[PDB]
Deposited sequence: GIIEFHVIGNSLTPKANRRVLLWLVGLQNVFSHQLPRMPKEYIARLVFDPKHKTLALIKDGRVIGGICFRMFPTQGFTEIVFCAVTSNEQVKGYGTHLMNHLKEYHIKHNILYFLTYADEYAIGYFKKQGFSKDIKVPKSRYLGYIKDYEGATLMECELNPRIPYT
């Protein structure tokens, strides 16, 4: 029924409603990324410097995008994207990415970086990510986790068009 989008995180205080949403997001990420260790997912989701765009359907977490903004560096690292299995192929992934794009325009961070594996690179291509990295290697080598084996990809946002 009712769909909500919210950008949340564990600030250095957390609504009980927020704390349960964060557990829900860790649950979803963990289940949809089974070889990603759950303790690692938990630490990023609950890290103050990370934020997560929660997708709420009838008060229940059904998807998210966890990310770390690097405003000093001019980009944001996408850490986890996931929709729960029985809600996939319904466009939720696309509305999530769009909402994330809207959120970043309004904070003048205009570049996404992410590692895309073989299971989801096709989704990132359809959201405009390419393998041509325009951000200088020196801007991100020390900041994003290197998921060697997976393909580094980049999205450039246009701050002049509406995404939501």
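Missing from the model, relative to the deposited sequence, is only the stretch 13-14.
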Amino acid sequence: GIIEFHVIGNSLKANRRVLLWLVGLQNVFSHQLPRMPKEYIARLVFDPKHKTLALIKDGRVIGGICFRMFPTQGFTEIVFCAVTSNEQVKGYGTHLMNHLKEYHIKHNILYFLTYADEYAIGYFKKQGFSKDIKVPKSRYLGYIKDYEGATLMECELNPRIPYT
From here on, numbers count along this sequence of modelled residues.
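Whichever C-alpha set is largest while still superposing within 1.5 Å between the two forms counts as the rigid core.
Two stretches, 42-50 and 117-125, are weighed by how far their CA atoms sit from the shown form in 5 other deposited structures of this protein after rigid core superposition; the farther one is 117-125.
In the other compared entries of this protein that model both flanking residues, residue 144 has coordinates in every one, well short of a third left out. Compared with other PDB entries of the same protein, residue 14 is missing from at least a third of those that resolve the residues around it. Taking only CA atoms, the mean B-factor in the PDB entry is higher for 56-64 than for the other of 121-129 and 56-64. When all modelled residues of the chain are sorted by CA temperature factor, residue 86 is found within the highest third.
Ranked within its chain, residue 153 lands in the lowest third, by CA B factor from the PDB record. Among the modelled residues of its chain, residue 147 has a C-alpha B-factor that falls in the lowest third, as given in the PDB entry. When all modelled residues of the chain are sorted by CA temperature factor, residue 98 is found within the middle third.
In the deposited entry, the Cα temperature factor of residue 108 places it in the highest third of its chain's modelled residues.
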